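In: Model the structure of this input:
(2 chains)
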Amino acid sequence: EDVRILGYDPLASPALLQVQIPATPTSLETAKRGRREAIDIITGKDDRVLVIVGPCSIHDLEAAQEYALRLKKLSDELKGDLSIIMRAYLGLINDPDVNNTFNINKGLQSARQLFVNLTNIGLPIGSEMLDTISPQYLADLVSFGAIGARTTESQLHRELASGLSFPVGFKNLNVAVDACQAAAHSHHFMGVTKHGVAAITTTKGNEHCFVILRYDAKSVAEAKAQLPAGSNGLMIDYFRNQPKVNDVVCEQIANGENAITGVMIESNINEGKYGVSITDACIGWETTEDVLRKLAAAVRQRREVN
Amino acid sequence: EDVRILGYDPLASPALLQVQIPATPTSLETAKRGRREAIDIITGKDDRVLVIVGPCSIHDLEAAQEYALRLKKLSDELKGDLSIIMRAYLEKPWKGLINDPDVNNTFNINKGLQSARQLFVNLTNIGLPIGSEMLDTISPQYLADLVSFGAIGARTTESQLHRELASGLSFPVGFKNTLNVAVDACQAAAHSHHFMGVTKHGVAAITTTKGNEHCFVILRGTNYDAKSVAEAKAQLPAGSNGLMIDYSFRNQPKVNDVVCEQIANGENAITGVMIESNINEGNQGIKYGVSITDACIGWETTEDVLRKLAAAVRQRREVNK
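Out: Numbers count the residues shown, from 1 in each chain, chains lettered A, B, ... in the order given. Please see the structure below:
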């Protein structure tokens, strides 16, 4: 045993990291607001659209900060129509520098300082949950979670989602509806606690899971058919074909389509060195701005048909 | 904020369970040798077929002991041709023996862990190697000493956490399929990874793994016919291991005839097969020796499947001469 384990390195616990990099009272309030507002949208209490938007991944804290300032300025302008959460997708925990210098403790610390800095300016954040131990380190600052399409069918991720304190999306169709259904139940599994030791976790079940379609009226009505009683609304995942997607979705929204409650957009300062993604290609700020303005107007037109 | 965590209960650490339910010397030797024989077959040092066979899941220790006794006698007679490992699957994607060993809704995971480790010790103690589906990533810390073979289910092939787990496991791991996702998993598990994981004392740490050169692809579908198998060989990169065919219920014996006809005619790329088998055939809702999850063939059909496979392997040694 352990012939293929080189070794083990000490890891600060979540509790430890929360004392070292504590959240401000503004961060904490911003994360709680972003959850309430997402929950109101995806459960239909609220008629805005939730928009998850930002960089494919984060590699640079200042770049991230600047983006976060533009988006917060825009989010102020469009808040009658759109609830906005920044994708802060973390890559950074596993290797924060590079030259393959796998300094996970420095990675958790930066990841957490990043989340605290984002939410301190009143901008709620959303993340891909990949790992099942890392959310213990960051979850107090998150308002939204996505399970990637590689892991929608993974029992561990569905258990994880069940115990999360925020809405979680699952990417496609039957696997994603079976994921939401399984996340909604109580589960019992071996998990790591705040104090960094294994224990048996019992979860309550997450009634705020929803499907992410990764777009045309015919698809969406086929998607609505499959949806059990008790469903939340659909989210649409949108490099440069994202504005075309927007147009078709915007036209459903304006014409009365109430089952589309959210969208996701990969977007950075610049399109495709400062402010450009080192993973997937994203649209740049100015195309983001116009996608969003157009979404907002369509949400307005929608209050009108209703 | 913990609003959807009802709470936490205490969990015996792996180190503690290993002291309370120690492996015997025989147990430990049987696991070692199972790895060695698997390795030799999947890497083409040995011209036997690796056969992983047994129940879809185990819910009953005594029944599994009886099956194991029958398999192990059978394995003693066919061992010039087949190398046998018993499927001892304890986690199903009822979630199985660990999560709920009383199979009601009580979730006594500490009792599960103890029954699972007692199960594995009891099987390997008679000289019969075992193999299990690795779903949870903490549970292999409890049990890995006893294991000779590991499989990653088709739902978690593309999961990064499972490819990283596989990279650190001390035994060969199969990945389920189309093929690209299984090959990419094999390739990823071959590398060194760095992740947060749980140690033997039950604390989270940063694990660094070395990479696992003994990963291979399991074809599970029809995937098993000479044309599909040639299509799989042409996807396979330079350092590839051999292919394993999953027979999965009443059709298992027809799959076996087609695979056996390939083998006996000289197909050297089929090194293993996987067979869902129990004392008695079929399944039941939540009766002795009958599966409570997927339907299995019963012992009598299994003996005959494995006798026919053994003969195809003898016949293949003939062709390669």
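
In: Residue A:236 should be in a strand, yeah?
Out: Yes - with DSSP: H, G, I helix; E, B strand; the rest coil as the criterion, residue A:236 is assigned to a strand.

In: How much space separates it from residue A:95?
Out: Counting by Cβ to Cβ, to the nearest Å, the gap between residue A:236 and residue A:95 amounts to 32 Å. The way it works is simple: take the backbone N, C-alpha and C, and place the C-beta from them, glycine included.

In: Looking at those two, which has the bigger crowd around it?
Out: When residue A:236 and residue A:95 are compared on other Cβ atoms under 10 Å in any protein chain shown, the one with more neighbours turns out to be residue A:236, at 24 against 17.

In: what sits against residue A:131?
Out: Residue A:131 makes contact with A:93, B:161, B:195-196, according to Cβ atoms under 8 Å, 6 or more residues apart in numbering or on different chains.

In: which stretch of helix or strand covers it?
Out: Counting by DSSP states H and E, there is no helix or strand that carries residue A:131.

In: Going by neighbour count, which residues in stretch A:34-52 are buried?
Out: With burial defined by 16 or more other Cβ atoms under 10 Å in any protein chain shown, the residues of stretch A:34-52 counted as buried are A:34-35, A:37-43, A:46, A:48-52.

In: Helices - which of those land there?
Out: With helices identified by DSSP state H, the entries of the buried residues of stretch A:34-52 that belong to them are A:34-35, A:37-42.

In: all strands of the stretch 201-306 of chain A, in order?
Out: Using DSSP state E, counting those that start in this stretch, the strands assigned to the stretch 201-306 of chain A run over residues A:209-213, A:234-237, A:260-266.

In: What strands line up against the first one, and which way round?
Out: It refers to strand A:209-213. Paired neighbours of strand A:209-213 in the sheet (DSSP bridges): strand A:168-171 (parallel), strand A:234-237 (parallel).

In: and what of the longest one?
Out: For strand A:260-266, sheet partners with direction are given as strand A:49-54 (parallel), strand A:234-237 (parallel), following DSSP bridges.

In: chain center to it: distance?
Out: 10 Å (Cα atoms, centre = their mean, to the nearest Å).

In: try stretch A:232-242
Out: Between the mean C-alpha position of stretch A:232-242 and that of its chain there is a distance of 13 Å (Cα atoms, centre = their mean).

In: repeat for stretch A:179-194
Out: Going by Cα atoms, centre = their mean, the spacing between the C-alpha centre of stretch A:179-194 and its chain's C-alpha centre is 18 Å.

In: Give me the distance between the two termini of that stretch.
Out: Across its full length, stretch A:179-194 reaches 26 Å end to end, with Cα to Cα, to the nearest Å as the criterion.

In: For it, which residues meet the burial criterion?
Out: Using 16+ other Cβ under 10 Å as the test for burial, stretch A:179-194 gives A:179-180, A:182-184, A:186-193.

In: And these, which two are furthest apart?
Out: Greatest spatial distance in the buried residues of stretch A:179-194: A:180 and A:193, 26.2 Å, computed using Cβ to Cβ.

In: what's the first-to-last distance across stretch A:248-260?
Out: 12 Å.

In: List the buried residues in it.
Out: The neighbour-count check on stretch A:248-260 (16+ other Cβ under 10 Å) flags A:249-250, A:252-254, A:257, A:259-260 as buried.

In: Can you name every helix or strand that the longest helix anywhere in chain A contacts?
Out: Ranked by residue count under DSSP H, the longest helix found in chain A is helix A:285-305. If you count contacts as 3 or more Cβ pairs under 8 Å, 6 or more residues apart in numbering or on different chains; DSSP states H and E, helix A:285-305 packs onto strand A:49-54, helix A:61-77, strand A:82-87, helix A:242-254, strand A:260-266.

In: how about the residues of the stretch 51-200 of chain A near chain B?
Out: Within the stretch 51-200 of chain A, the positions near chain B by Cβ under 8 Å from any Cβ of the partner chain are A:94-95, A:102, A:104-105, A:130-134, A:139-140, A:150-151, A:153-156, A:162-165, A:186, A:188-193, A:196-200.

In: hmm, try it at 6 Å
Out: Listed as neighbours of chain B in the stretch 51-200 of chain A under the rule Cβ under 6 Å from any Cβ of the partner chain: A:102, A:104, A:133, A:150-151, A:153-155, A:163, A:165, A:188, A:190, A:192-193, A:196-200.

In: All the strands of the stretch 51-200 of chain A, residue numbers only.
Out: For the stretch 51-200 of chain A, strands defined by DSSP E, counting those that start in this stretch occupy the ranges A:82-87, A:125-128, A:142-147, A:168-171, A:188-192, A:198-203.

In: which residue is nearest the middle of chain A?
Out: Within chain A, one residue has its C-alpha closest to the average C-alpha position: by Cα atoms, centre = their mean, that is residue A:126, at 3.1 Å.

In: tell me the contacts of that one?
Out: Applying Cβ atoms under 6 Å, 6 or more residues apart in numbering or on different chains, we find residue A:126 in contact with A:52, A:85, A:87, A:144.

In: What about the last one, how many residues nearby?
Out: Residues lying near residue A:144 (other Cβ under 10 Å) number 28.

In: What distance do you get for the closest residue to it other than its chain neighbours to chain B?
Out: The shortest distance from residue A:144 to any residue that is not its chain neighbour, by Cβ to Cβ, 6 or more residues apart in numbering or on different chains, is 3.7 Å, and that residue is residue A:126. As judged by Cβ to the nearest Cβ, to the nearest Å, residue A:126 and chain B stand 16 Å apart.

In: For residue A:126, give the beta-bridge partners.
Out: residue A:87, residue A:144.

In: So what does residue A:216 have for phi and psi?
Out: Recorded main-chain torsions at residue A:216 are phi -100, psi 160, according to degrees, to the nearest 10.

In: Name the nearest residue to it, sequence neighbours excluded.
Out: Leaving out its chain neighbours, the residue that sits closest to residue A:216 by Cβ to Cβ, 6+ apart is residue A:248, at 5.8 Å.

In: okay, now residue A:9: neighbour count?
Out: Neighbours around residue A:9, by other Cβ under 10 Å: 15.

In: so who does it touch?
Out: Taking Cβ under 6 Å, 6+ apart as the contact definition, residue A:9 lies against residue B:206.

In: Please repeat the previous calculation with a cut-off of 10 Å.
Out: Residues in contact with residue A:9, defined by Cβ atoms under 10 Å, 6 or more residues apart in numbering or on different chains, are A:102-105, B:194, B:196, B:205-208.

In: Repeat that for residue A:247.
Out: Listed by Cβ under 10 Å, 6+ apart, the contact partners of residue A:247 are A:291, A:294, A:298.

In: which residue sits closest to the second one in space, ignoring its chain neighbours?
Out: To tie it back to what came earlier, the one meant is residue A:294. Here the nearest residue to residue A:294 in space, its sequence neighbours aside, is residue A:250; by Cβ to Cβ, 6+ apart that works out to 5.7 Å.
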